[PDB]
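Descriptive structure summary
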Amino acid sequence: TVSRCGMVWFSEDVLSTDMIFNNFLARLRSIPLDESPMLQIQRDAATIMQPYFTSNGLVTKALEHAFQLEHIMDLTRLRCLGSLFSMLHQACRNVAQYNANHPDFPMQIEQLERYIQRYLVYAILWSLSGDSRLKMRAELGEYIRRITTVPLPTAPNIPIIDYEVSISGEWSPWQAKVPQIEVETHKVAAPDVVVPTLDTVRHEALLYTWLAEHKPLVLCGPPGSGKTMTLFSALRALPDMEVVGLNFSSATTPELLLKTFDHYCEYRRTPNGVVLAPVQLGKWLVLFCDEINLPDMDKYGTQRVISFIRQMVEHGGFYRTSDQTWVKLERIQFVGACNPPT
Ligand SMILES: Nc1ncnc2c1ncn2[C@@H]1O[C@H](COP(=O)(O)OP(=O)(O)O)[C@@H](O)[C@H]1O
């Protein structure tokens, strides 16, 4: 079949990093996040972060170092860049929310540029090294401090990653965000109780950022790290999206996903076409996949469930085998978790 049809080869050298950055900047400048003053705030943000997205820029050097660096998962340029773009979109939404909550005093340009610069540094930190050891994120932060001009916290030893960026455009530690709860005497070592800590607050923020954009994600970590508890805390605390835990098995097939859909979703006819939406209105059905990587590879190196999820993520829909009709996904998003593939 290889000799039965033509062929075109698209090497990774075809897509330079700079054209990707230009695509992101143009799309951010033109299309709005909500669906306009907030288009204006997008334009101001893009003007601020333009110098850092040029050739031989901060992001390019950080990305090539992260490629020189090591990660738990197979590092891909486009994965990191998509994470960075989504979380910068969330930063723009944060500025919009701050402006809405302060109608009298709009977000001024100097504070805006300081906040955007610091957030973008924090974004590289938590997106390029988001899947590595703490010492290795520390090396990445050290390199960024060496190469960047953006002001950084003056902590003698504490890494930049522990710090967060306030809506006021200042470097603030995540420690002050950690409360001090006192669990009941009869709830000691209870499964449901979640003691806030330094990692819990940061992962809560990351999950909120990456779930507001409805961008699917999978958590990775050694057994016992409580990834499920960390996700479930954010999911229950997040107001209007139901949680449907799904323990994937080695013999899982997309038939299980279809069964879960028909259990929690219904098929309705819309003028665009058949659209899948959760039965309960105003709810973003979040399908938690307990073990995303555990279903087996075929003899041809394909996991059918993961291919199915990829199909519905990239096309924004899937094909119903009952009538061979295109079905779009509405108010549906996915989260998974998995121990390291090693
Ligand atoms: N915020 C927290 N507060 C209290 N205990 C925690 C917290 N985060 C993790 N743990 C501990 O980590 C352990 C991991 O739970 P586990 O059953 O391994 O879940 P997972 O399958 O997600 O790893 C829990 O038993 C819990 O005691």
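Residues numbered from 1 in each chain as written, not as in the entry; some residues may be left out. Part of a larger assembly, values for the part shown. Heavy atoms only, no water.

In terms of determination method and resolution, the entry is listed under cryo-EM at 3.6 Å.

**Description of the packing of aromatic side chains**
Applying the stated criterion across every chain yields a total of twelve aromatic pairs. Taken together, a centroid distance of 5.1 Å and an interplanar angle of 85° make the contact between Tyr119 and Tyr122 edge-to-face. Taken together, the residues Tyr119 and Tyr122, both in helix α5 (residues 109-128) and three residues apart, mark about one turn of the helix. You'll find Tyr119 and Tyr122 in the same group, each marked buried. Pairwise contacts between aromatic rings join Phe21, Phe24, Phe53 and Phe85 into one cluster. (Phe/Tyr/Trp six-rings, centres within 6.5 Å; stacked < 30°, edge-to-face > 60°. Helix = DSSP H or I, 4+ residues; strand = E, 2+ residues; numbered from the N terminus. Buried < 20%, exposed > 50% of the residue type's maximum accessible area, 1.4 Å probe, protein only.)

**A few points about the site of the ligand**
Taken together, the residues surrounding the ligand are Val194, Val195, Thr200, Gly224, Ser225, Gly226, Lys227, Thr228 and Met229. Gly226 places a polar main-chain atom, nitrogen or oxygen, 3.0 Å from an oxygen atom of the ligand. Isolated, the ligand exposes 570 Å² of accessible area, and the fraction of that covered by the protein chains is 51%. For the shell around the ligand, the element with the highest residue contribution is helix α8 (residues 227-237), accounting for three residues. Taken together, the residues of the shell around the ligand break down into three nonpolar, five polar and one charged. (Near = heavy atom within 4 Å. Polar contact = N/O pair within 3.5 Å; in protein donor to acceptor, adjacent residues only side chain to side chain. Areas by Shrake-Rupley, 256 points an atom, 1.4 Å probe, with all protein chains shown as cover. Nonpolar A, V, L, I, M, F, W, Y, C, P; charged D, E, K, R; others polar.)

**Regarding the state of the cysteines**
By the definition in use, this model includes zero disulfides. Of all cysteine sulfurs in the structure, the one in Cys338 sits closest to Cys289, which takes part in no disulfide; the separation is 11 Å. Of all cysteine sulfurs in the structure, the one in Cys220 sits closest to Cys338, which takes part in no disulfide; the separation is 4.2 Å. By relative accessible area, which is 1% here, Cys338 ends up buried. (Disulfide = S-S within 2.5 Å.)

**Thoughts on the packing of helix α4 (residues 77-101) against helix α7 (residues 198-212)**
In the contact formed by α4 and α7, the axes pass within 9 Å of each other and the chain directions differ by 95°. Comparing the axis directions of α4 and α7 gives the class roughly perpendicular. Across the interface between the two elements, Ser83, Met87, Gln90 and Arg93 of α4 pack against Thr209, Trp210 and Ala212 of α7. Class assignment of the residues belonging to the contact of α4 with α7 gives a composition of three nonpolar, three polar and one charged. (Axes fitted to C-alpha atoms, helices over the stretch in contact; angles between N-to-C directions. Parallel < 35°, antiparallel > 145°, perpendicular 65-115°, else oblique. Contact = heavy atoms within 4.5 Å.)

**Topic: a nonpolar patch on the surface**
A contiguous nonpolar patch, built from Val8, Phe10 and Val14 and spanning about 350 Å² of accessible area, is present on the exposed surface. Inspection of the secondary structure assignment puts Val14 in the segment before α1 (17-30). Look at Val14 and you get partly exposed, because its relative accessible area is 47%. (Patch = residues over 30% accessible without salt bridge, like charges linked within 9 Å, V, L, I, M, F, W, Y side chains within 5 Å. Salt bridge = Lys/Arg side-chain N within 4 Å of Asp/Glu carboxyl O.)

**What about the pairing of strand β10 (residues 332-338)?**
Extensive coverage of β10 is indicated by the burial of seven of its seven residues. Taken together, the four bridges between strand β3 (residues 217-220) and β10 define a ladder with parallel strand orientation. Across the sheet, residue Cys220 finds its bridge partner in β10, namely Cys338. Looking at chain direction, strand β7 (residues 285-289) and β10 are connected through five bridges and run parallel. Counterpart to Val286 in the pairing with β10 is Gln333. (Pairing = 2+ DSSP bridges.)

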